[PDB]
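Residue strings, one per chain:
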Amino acid sequence: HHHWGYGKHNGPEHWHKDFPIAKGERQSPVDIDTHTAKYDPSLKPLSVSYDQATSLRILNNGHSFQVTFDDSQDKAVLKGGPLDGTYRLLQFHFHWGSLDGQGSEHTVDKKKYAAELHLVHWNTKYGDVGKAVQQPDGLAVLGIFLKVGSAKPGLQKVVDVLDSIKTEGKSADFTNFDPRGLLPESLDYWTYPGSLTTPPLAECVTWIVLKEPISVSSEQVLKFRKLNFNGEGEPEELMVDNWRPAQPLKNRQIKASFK
Ligand SMILES: [Zn+2]
Ligand SMILES: [Zn+2]
């Protein structure tokens, strides 16, 4: 359980009261201004190696739903792009809106997408996620925008279990899932140094935000929107608009992998 949320009283505007790093120098998300984000030809190609992925559980954590992976060995890993070394996939989760016109955390020329998928990875130079979160290169989060259109067949297994995890703390087995089914065809990206977008807002993340959104259906996104922030029998707070808005870029540069 957790004290914070996305309401007027417990939401992003107030997180700095408990997490003063909320007003820090490398906070996420950010707007990606395509007039000022510059192509960097020294960026390597991004390497997604998810064939050996081992999914474990799906959980309503009170702010989102998350799907966890066995990160005890190099199985599903992210390498290349801006990264040095190997980063193991730990979990994925989403942020979404009440309406299709909002829901993403990152924006592109101020445009908000209907949702955003985060695949969270940690740097194996550290022992575990707990050590990695204390370092500036501890995590790599691969961010993928969702737009509404045709169904994403690789999302359907997720959508099909959401009715079983409606309220905070509900969970299920979630085995044999292939996260490659959530990727777009193109791996062109923007990258910058930032932070977790949820508490504790640690400044430990290399963000890799893909340019090409995936398409999901209205049925699929509606299932997201029928989840609850609350626990069982508590006053219903539909789980929508669980996104932090864009934060000041301060001294940073966003780099593009493409011209
Ligand atoms: Zn807790
Ligand atoms: Zn996230």
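Residues numbered from 1 in each chain as written, not as in the entry; some residues may be left out. Chains lettered and ligands numbered in written order. Heavy atoms only, no water. Residues with missing side-chain atoms left out of burial classes, pairs and counts.

**A look at the coordination of the zinc ion (ligand 2)**
Taken together, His93 (NE2), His95 (NE2) and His118 (ND1) make up the protein donors of the zinc ion (ligand 2), found 2.0 to 2.1 Å from the metal. Read N to C, the donor residues that coordinate the zinc ion (ligand 2) are spaced as H-x1-H-x22-H. Taken together, the positions of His93 in strand 7 (residues 87-96) and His118 in strand 9 (residues 115-123) put the pair 25 residues apart, joining distant regions of the chain. On the basis of relative accessible area, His93 is assigned to the buried category, the value being 11%. (Donors = N, O, S within 2.8 Å, 3.2 Å for Na, K, Ca; no water. Helix = DSSP H or I, 4+ residues; strand = E, 2+ residues; numbered from the N terminus. Buried < 20%, exposed > 50% of the residue type's maximum accessible area, 1.4 Å probe, protein only.)

**Structural notes on the nonpolar core**
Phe65, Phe92, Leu142 and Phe224 are the most contacted members of the largest nonpolar core, which totals 50 residues. Mapped onto this core, the elements with two or more residues apiece are strand 5 (65-69), strand 7, strand 9, strand 10 (139-148), helix 2 (156-161), strand 13 (205-210), strand 14 (214-216) and helix 3 (218-225). The biggest single contributor to this core is strand 7, with five residues. Counting residues in hydrophobic clusters, the runner-up holds 24 residues, among them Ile32, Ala37, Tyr113 and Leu196. (Core = buried A, V, L, I, M, F, W, Y, C linked by side-chain atoms within 4.5 Å.)

**Re the packing of aromatic side chains**
What the rule picks out here adds up to 15 aromatic pairs. When the ring of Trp4 is compared with that of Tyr6, the centres are 6.0 Å apart and the planes differ by 70°; the resulting orientation is edge-to-face. You can call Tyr6 buried: its relative accessible area is 12%. Taking the centre distance of 5.5 Å and the plane angle of 80° together, the rings of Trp4 and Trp15 count as edge-to-face. Highlighted residues: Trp4 in the segment before strand 1 (31-32) and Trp15 in the segment before strand 1, separated in sequence by 11 residues. With respect to class, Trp4 is no different from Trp15; both count as buried. (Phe/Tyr/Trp six-rings, centres within 6.5 Å; stacked < 30°, edge-to-face > 60°.)

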